[PDB]
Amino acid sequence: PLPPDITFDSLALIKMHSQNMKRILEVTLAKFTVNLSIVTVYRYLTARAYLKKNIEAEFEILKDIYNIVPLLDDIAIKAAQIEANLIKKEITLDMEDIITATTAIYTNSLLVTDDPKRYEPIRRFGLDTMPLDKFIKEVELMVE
């Protein structure tokens, strides 16, 4: 029941690359198109650079296995419109969340996340989400 195009936020991506999720990641990469915002990639890389002196090799691997979507002009434009609208409704969200969410709408990617409630105000603009625990379970259910 999962659509072909998905994405992750930074915390979800960090969990997806943890050693205990190897098998879910392999299946995910074998069966979905994964479109990561450069901003998500940036934040994941800050978590990686906390441990390692070299993160460049890491980035090259991500660029191969994922579609890394830049902060395109259309995304900058659409993010500005969404963020303006939310602020008027007394809701002001972090840059990372707006760009992640707007990039997901732009690529028609389902946003797999540990905290889907944080993006609930953006669903009005076409964003679809799924909890990571539920994504994982659905990947586990892909079993013969």
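In case it trips you up, residue 1 is the first one in the sequence shown, and so on.
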TODO: May I ask whether residue 51 is missing from the deposited models in at least a third of the other compared entries?
DONE: yes
Open item on the list: Please compare 62-70 with 45-53 and say which has the higher mean C-alpha temperature factor in the record.
Closed with: 45-53
Task: 110-118 or 97-105, whichever carries the higher mean Cα B-factor - done: 110-118
TODO: Please rank the C-alpha B-factors of the chain's modelled residues and tell me whether residue 21 sits in the lowest, middle or highest third.
DONE: highest
